[PDB]
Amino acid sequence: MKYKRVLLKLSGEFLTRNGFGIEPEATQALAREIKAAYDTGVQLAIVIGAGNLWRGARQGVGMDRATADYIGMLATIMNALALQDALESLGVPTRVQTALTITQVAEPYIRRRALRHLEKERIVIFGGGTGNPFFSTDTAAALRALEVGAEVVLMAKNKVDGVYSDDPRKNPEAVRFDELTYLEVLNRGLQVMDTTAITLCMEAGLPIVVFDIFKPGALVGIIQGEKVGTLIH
């Protein structure tokens, strides 16, 4: 194995086939991909987004960005709980920790508890992002990777298989990169993930792999050492 512990960042869109909502069949498919990774023996922490449920203050009337972001963080917790149940259906031991403390619903985020969960071969799903507005779960992925000592952030990005010279769904001439420096991402103004998540990984020397989780073998390949997707380092 190239990696013993990883942070897998997932789009909330992966929980539906139809753009919106939480759907059982899509959640099962996503669980099956995660179990494929779990079965390699890697230690697995996850950050889950909420694009399937909530886009932002465009949906509100007179809505601050902070308020819209809090709504989105609650949505990521909805997804976290749904994903945990799907993984438990496969018998994969799973815990959820949320960046907003909601005692009746899930454990709060507690570093020493997250570490013990990973050491006991459990998947830890992080809901709620970082708990702060003005981030996406991209930044929560970088932060939680650093907090659990993951060796790489695996960004399972919706509808792309890597980082491109441009948004490949707005420019068919876009070209995929094998490798990039953090600064190259910033200088070229690429919009594949929060620039704040880039700089957080930059400061720690934490590598990022952007890939297509629904390409069979891709996630297991990354874990086992294959070249897959785009490496930011």
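Throughout, we count residues from 1 along the sequence that is shown.
Peer 1: Quick check on the record: does 158 to 166 or 77 to 85 carry the larger mean Cα temperature factor?
Peer 2: The recorded data point to 158 to 166.
Peer 1: Looking only at CA atoms, which has the higher mean B factor in the entry: 48 to 56 or 167 to 175?
Peer 2: Higher of the two, by average CA B-factor, is 167 to 175.
Peer 1: Per the entry's Cα B factor values, which of 198, 190, 26, 66 stands out as the maximum?
Peer 2: In the PDB entry, the greatest C-alpha B-factor among 198, 190, 26, 66 is found at 190.
Peer 1: Comparing recorded Cα B-factors across 30, 208, 42, 204, which one is largest?
Peer 2: The record points to 42.
Peer 1: Using the B-factors in the PDB entry, rank residue 19's C-alpha atom against the chain and give the third, lowest, middle or highest.
Peer 2: As the PDB entry reports it, the C-alpha B-factor of residue 19 lands in the highest third of its chain.
Peer 1: Mind checking which third residue 220 falls in for C-alpha B-factor across the chain?
Peer 2: CA B-factor rank for residue 220: middle third.
Peer 1: Going by the entry, which third of its chain does the Cα temperature factor of residue 121 land in?
Peer 2: Residue 121: CA B-factor falls in the highest third of its chain.
Peer 1: Pull the Cα B-factor of residue 100 out of the PDB entry and bin it into the chain's lowest, middle or highest third.
Peer 2: According to the entry, residue 100 has a C-alpha B-factor in the chain's highest third.
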